[PDB]
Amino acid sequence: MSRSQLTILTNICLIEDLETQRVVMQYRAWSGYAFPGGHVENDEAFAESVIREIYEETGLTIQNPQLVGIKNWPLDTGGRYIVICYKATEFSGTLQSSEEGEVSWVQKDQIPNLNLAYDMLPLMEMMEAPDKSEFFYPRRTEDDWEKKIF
């Protein structure tokens, strides 16, 4: 019945242009600059979903997106929010914003200087680390946004 009982399936992608050392950032009015991505449709694969969402949100067609981790947290009544995290360096197309947010190429080394969504930097660190694959909020108490990286 309640929203806190649901399992929500979403994705994000770190799209990195190796020629320019820039990454696609999206501005979402949690608030701030974050990675683009979206919700998984009922019939589509996880990889199909990230390719489709990225195309819609950025105008870019990514190839062979790589699974780099999972961000997730329990909801209040047995539910869970799930973010499947991808990295893509192979893509084509022209960058184009959508109603879902303004997108831009930001120099990767300048990402920390933006108004970032909460925990963007440790999330990007988990994704980039070859030996880490999960970012979890235990949500042990109602205000607990402490994280665990596995």
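Each residue number is its position in the shown sequence, starting from 1.
*Asks:* Are any deposited residues left out of the model between residue 29 and residue 30, and how many (none, 1 to 3, 4 to 9, 10 or more)?
*Replies:* Gap size class: 4 to 9 residues without coordinates, per the record.
*Asks:* Select between 49 to 57 and 105 to 113 the stretch whose C-alpha atoms have the higher average B-factor in the entry.
*Replies:* Of 105 to 113 and 49 to 57, the stretch with the higher C-alpha B-factor average is 105 to 113.
*Asks:* With respect to the recorded C-alpha B factors, which stretch has the higher mean value, 136 to 144 or 10 to 18?
*Replies:* Between 10 to 18 and 136 to 144, it is 136 to 144 that shows the higher mean C-alpha B-factor.
*Asks:* Of the three thirds of its chain by CA temperature factor, lowest, middle or highest, which one includes residue 93?
*Replies:* Highest third - that is where residue 93 ends up once the chain's C-alpha B-factors are sorted.
*Asks:* Sorting the chain's CA B-factors, does residue 67 end up in the lowest, middle or highest third?
*Replies:* According to the entry, residue 67 has a C-alpha B-factor in the chain's highest third.
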